[PDB]
């Protein structure tokens, strides 16, 4: 199935995924397409940050759902 990821610039990343895919898998796919390291990525759906070990199915993310990508800042 296809899902959409919108960035702060308003750009759309389209991913091919399965309901059984983990949030880690999705972050790997975003790294493949955009070159953003997974550890910097925060995926948001229904106002909630998604956890690495859970599946798209766990969050009722379906075909053509839109997620939001935010970047965790490094601080120091």
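If you superpose the two forms and keep the largest set of C-alpha atoms that fall within 1.5 Å, you have the rigid core. Numbering follows the first chain given and starts at 1.
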- Task: Give, as the answer, the stretch of 9 to 17 and 50 to 58 that departs more from the shown form in 5 other deposited structures of this protein; the measure is RMS Cα distance after a core fit.
- Result: 9 to 17
- Task: Report the stretch with the higher root mean square CA deviation, pooled over structures and residues in 5 other deposited structures of this protein, choosing between 20 to 28 and 64 to 72 after a rigid core fit.
- Result: 64 to 72
- Task: Could you check the entry and say whether 23 to 31 or 40 to 48 has the higher mean CA B-factor?
- Result: 23 to 31
- Entry-level comparison of average CA B-factors, 10 to 18 and 63 to 71, reporting the higher stretch: 10 to 18
